[PDB]
Ligand SMILES: NC1=NC(=O)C2=N[C@H]3C(S)=C(S)[C@@H](COP(=O)(O)OP(=O)(O)OC[C@H]4O[C@@H](n5cnc6c(=O)[nH]c(N)nc65)[C@H](O)[C@@H]4O)O[C@H]3NC2=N1
Ligand SMILES: NC1=NC(=O)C2=N[C@H]3C(S)=C(S)[C@@H](COP(=O)(O)OP(=O)(O)OC[C@H]4O[C@@H](n5cnc6c(=O)[nH]c(N)nc65)[C@H](O)[C@@H]4O)O[C@H]3NC2=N1
């Protein structure tokens, strides 16, 4: 049995594993990581925990009755263990049956999810590679993170903006005087990366503090970002940020402070927005006092902030929770409108940035080459012959339950109309929709429309528990791969070396899909005649050739593999100022909008005629909001990202012991809200509204503002009885309480943070948690 050390990486960073007798026993952070995540110990434990999936399983009802199975019992744990050969034969026959019977519109292959990094073992791209060979599939578009912002930005500034490099951290340290974290908690959300993280935000944040820059945080919760800086903390009622921004803009106009020259030369449509702001159009001037009545933030604080931003070099760093809500498109559109009025866009240290809290945005980029990986093949095909009727081949990701309930119905998206396809099977890998999607009770019933549901994962999540066919995948630590370090920085390239042998009967997603492609008669087309190391070497060799051209020297493949990593040099990346060339000469360097300027009023959006997405930033009432007129429930739930998980990942590990309260997901509650209900620290409470009910464990703190409770997304849904409609969730999946609606007709984004509920001390019968041990038949 092996003894020794091996270096690899993950969504949480680079590390060295210690192996003793063939088992990994410690993960130690990379010596060059400036700020390792405390979640690394849970990553190691996820390889071996009680919920690791050991064998291929088929739901007993599905095995016995196929398409005639009773579909309401999915999730009760009644599984049968089968051999790999039987399982692969069944999956392959079901994929082919559905493709022949219903066409490519019958298979949903969107499979949204965070999976693991790795250019070769990219389970979702491998899924689409196989489905392409099978005849086609319906895909998803956009994502759950910036579903609204990524669609409105191209109409305002011309590009996506949210996933683009920010003005560099060192430029901010030398030039910014006031830094604003608006609906952003960079300390919390910078621990992970899509590719391997370099944790570049931490040194950037430390340099701002050492310089004594004034930091302001606008967030209903007193986060570690607030605590690290001793920041001035503004706490708006959730979903009222647009009203605050309008009251700031109104103040800048009334006191005649705003930058008229910036507005005149770099923007379009401000004259059509002004009348709205002043109340000429609706008899309601959007003053600081009007904003105070909606948001609860004192009118004079709103005014002082507006003056301060106008007089100092200010960076408006905004996060994404405020656009993960009804009418989310207005939040960042109004933010950019406010930034335009301040006139600092394109100056070193000023303007705005939408990715300082995500994957190291602002960390200086190197001059290295880009690494490429396996593809789904669609780019070199001639896929399905598609046409309306059968419906759209792509849907906005968060409309997956609407699609299932309304096959053939039309939906709007960014100015076009499309039809939902009639899906009969879904194949999910690397994602956990029975945790990540909204309105769980609705989704549970809608899922009965699917004949067949196949899932691959290495943990028994609620999604795998609901499958008809469950196949055990390996982790990244049981295979070899290659990946970039740094989504924006491109710090280097890492060899993700195998640490231990595959556990139990687990197989990589690549091997499972290759075996399904082989039964479809298309094995060589899937594999390309290459094995694991052959694929990895060809990605490396391609990057090395690109590197050569550009003057970046890289070692041959085997020398790179022996070292385990290659790092690239930073040339001018540390001086990058976003929008500087636009500011310097807007005629030579225009934005990619219809006018070539920042569009405060959009004629294009005006033509779409959407009632829920007007042609300029607008305050509109959401479905439900804290203290809204006629609101039924009293507390807003901040259903934000978990500090000690990556969404649902790591919930079934030893780290859960450090935050669970009586075994359940924690609920943070203000002392006065607790006292009014007779709730004490540590009590189990029932959190409920008209869509669902869950149990959580309370931690009483004044870190959350009064009227707000914090229950993070990601908890593993553990239903008392899958056949009972609206059954109680014993663990605390906050998406049992959210509503499943689009942000607007423009983007159709999810509204996972538009949530109100009531809380009461739980006094019902004691409950047994069953989500963190495998189903009995899977032991
Ligand atoms: N540790 C960690 N775990 C993760 O699961 C994780 N997920 C990653 C992903 S996939 C993404 S897309 C990014 C998401 O990054 P994003 O900015 O969406 O993160 P959230 O945790 O949803 O919200 C950030 C802050 O917004 C505050 N907030 C909520 N509602 C409001 C509001 O109405 N107004 C204001 N002003 N603030 C509000 C919350 O209290 C929270 O502190 O995080 C990434 N980083 C992650 N880190
Ligand atoms: N209410 C609410 N508020 C929110 O703020 C919120 N955030 C949204 C956001 S921004 C996103 S990005 C989504 C995230 O939702 P997402 O489904 O991406 O969440 P994860 O828990 O990372 O699911 C990843 C799954 O892939 C598995 N996996 C990892 N590697 C592999 C592999 O190699 N092979 C296979 N077969 N499986 C693998 C993991 O074990 C895990 O179960 O949540 C969204 N949901 C949200 N809801």
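Cβ atoms come from the backbone with ideal geometry, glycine included; neighbour counts cover every protein chain shown. Each answer follows from the model by the rule given with it, or from the source it names; nothing here is a laboratory result.
I'd like the full set of residues that are surrounded by fewer than 20 Cβ atoms within 10 Å (Cβ to Cβ) and within 16 Å of ligand 2 (Cβ to nearest atom), limited to the stretch 145-161.
145, 160
Is there any pair linking a residue in the stretch 40-62 that is more than 18 Å from residue 644 (Cβ to Cβ) to one that is within 16 Å of ligand 1 (Cβ to nearest atom), with Cβ under 9 Å and at least six apart or on different chains, and which?
If the second residue must be within 16 Å of ligand 1 (Cβ to nearest atom), the pairs left are 50/652; 52/46; 52/459; 52/652; 53/459.
Could you list, in sequence order, all residues of the stretch 526-540 that are surrounded by 15 or more Cβ atoms within 10 Å (Cβ to Cβ) and in contact with a helix residue (DSSP H, G or I) (Cβ under 9 Å, 6 or more places away or on another chain)? Break it down stepwise before answering.
Of the residues in the stretch 526-540, the ones surrounded by 15 or more Cβ atoms within 10 Å (Cβ to Cβ) are 526-527, 532, 535-540.
Hits for the stretch 526-540 are 526, 527, 532, 535, 536, 537, 540.
In the stretch 592-602, is there at least one residue being over 20 Å from residue 148 (Cα atoms) and touching a strand residue (DSSP E or B) at 6+ places or on another chain (Cβ under 7 Å)?
yes
Inside the stretch 430-458, can you point out the residues that are under 18 Å from the mean Cα position of the chain (by Cα) and either within 16 Å of ligand 1 (Cβ to nearest atom) or surrounded by fewer than 24 Cβ atoms within 10 Å (Cβ to Cβ) (or both)?
430, 431, 432, 433, 435, 436, 437, 438, 439
Considering only residues that are under 32 Å from the mean Cα position of the chain (by Cα) and loosely packed, with under 13 Cβ neighbours inside 10 Å, which ones fall in the stretch 582-603?
Scanning the stretch 582-603 gives a single hit, 592.
Identify all residues within the stretch 309-333 that are more than 19 Å from residue 261 (Cα to Cα) and outside any loop (DSSP other than H, G, I, E, B); write none if there are none. Even if it seems obvious, please write down each step before you answer.
Of the stretch 309-333, the ones more than 19 Å from residue 261 (Cα to Cα) are 315-333.
Once the filter is applied, which keeps residues that are more than 19 Å from residue 261 (Cα to Cα) and outside any loop (DSSP other than H, G, I, E, B), the stretch 309-333 yields 315, 316, 317, 318, 321, 322, 323, 329, 330, 331, 332, 333.
Results for (1) within 16 Å of ligand 2 (Cβ to nearest atom); (2) within 30 Å of residue 437 (Cβ to Cβ), shown as yes or no for each residue.
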position	(1), (2)
242	no, yes
265	no, no
271	no, no
289	no, no
300	no, no
316	no, no
319	yes, yes
328	yes, yes
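Output the number of the condition that residue 482 fails; it satisfies all remaining conditions of (1) closer than 13 Å to residue 532 by Cα; (2) within 12 Å of ligand 2 (Cβ to nearest atom).
Condition not satisfied by residue 482: (2).
Going by the conditions given, is residue 461 within 16 Å of ligand 1 (Cβ to nearest atom), outside the structural domain of residue 719 (by CATH), touching a residue at least 60 places away in the same chain (Cβ under 8 Å) and in contact with a helix residue (DSSP H, G or I) (Cβ under 8 Å, 6 or more places away or on another chain)?
Details: within 16 Å of ligand 1 (Cβ to nearest atom): yes; outside the structural domain of residue 719 (by CATH): yes; touching a residue at least 60 places away in the same chain (Cβ under 8 Å): yes; in contact with a helix residue (DSSP H, G or I) (Cβ under 8 Å, 6 or more places away or on another chain): yes.
When the stated conditions are applied, residue 461 passes them.
Could you tell me which residue of the stretch 358-367 is farthest from ligand 2 (Cβ to nearest atom), considering only residues that are at negative phi and touching a strand residue (DSSP E or B) at 6+ places or on another chain (Cβ under 9 Å)? Steps first, please.
Just the residues of the stretch 358-367 that are at negative phi, to begin with: 358, 361, 363-367.
Next, only the ones that are touching a strand residue (DSSP E or B) at 6+ places or on another chain (Cβ under 9 Å) stay: 361, 366.
Values: 361: 15, 366: 26 Å.
The selected residue is 366.
With 616, 636 as the choices, which residue is surrounded by 20 or more Cβ atoms within 10 Å (Cβ to Cβ), assigned by CATH to the domain that holds residue 687, touching a residue at least 40 places away in the same chain (Cβ under 8 Å) and away from ligand 2 (no atom under 16 Å from the Cβ)?
616
What pairs come up if the first residue lies in the stretch 193-214 and is within 28 Å of residue 115 (Cα to Cα), the second is surrounded by fewer than 21 Cβ atoms within 10 Å (Cβ to Cβ), and their beta carbons are under 6 Å apart, counting only those six or more places apart or on different chains?
199/33; 199/34; 199/35; 202/34; 202/35; 203/34
Looking at the stretch 4-24, can you tell me whether even one residue there is assigned to a helix (DSSP H, G or I), closer than 30 Å to residue 718 by Cα and not assigned by CATH to the domain that holds residue 456? Write out each step before concluding.
Residues of the stretch 4-24 assigned to a helix (DSSP H, G or I): none.
No; the residues of the stretch 4-24 include none that is assigned to a helix (DSSP H, G or I), closer than 30 Å to residue 718 by Cα and not assigned by CATH to the domain that holds residue 456.
Which one of these does residue 685 not meet: (1) within 14 Å of ligand 1 (Cβ to nearest atom); (2) touching a helix residue (DSSP H, G or I) at 6+ places or on another chain (Cβ under 9 Å); (3) in contact (Cβ under 8 Å) with a residue 60 or more places away in the chain?
Condition not satisfied by residue 685: (1).
Quick grid of which residues meet (1) under 29 Å from the mean Cα position of the chain (by Cα); (2) free of Cβ contacts under 8 Å to residues at least 24 places away in the same chain; (3) crowded, with 22+ Cβ neighbours inside 10 Å; (4) farther than 22 Å from residue 61 by Cβ:
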{"site": "76", "(1), (2), (3), (4)": "yes, no, no, no"}
{"site": "84", "(1), (2), (3), (4)": "no, no, no, no"}
{"site": "87", "(1), (2), (3), (4)": "no, no, yes, no"}
{"site": "107", "(1), (2), (3), (4)": "yes, no, yes, no"}
{"site": "124", "(1), (2), (3), (4)": "yes, no, no, yes"}
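Run residue 487 past the list (1) farther than 17 Å from residue 108 by Cβ; (2) in the same structural domain as residue 428 (by CATH); (3) part of a loop (DSSP other than H, G, I, E, B) and report the number of the one that doesn't hold.
Failed condition: (2).
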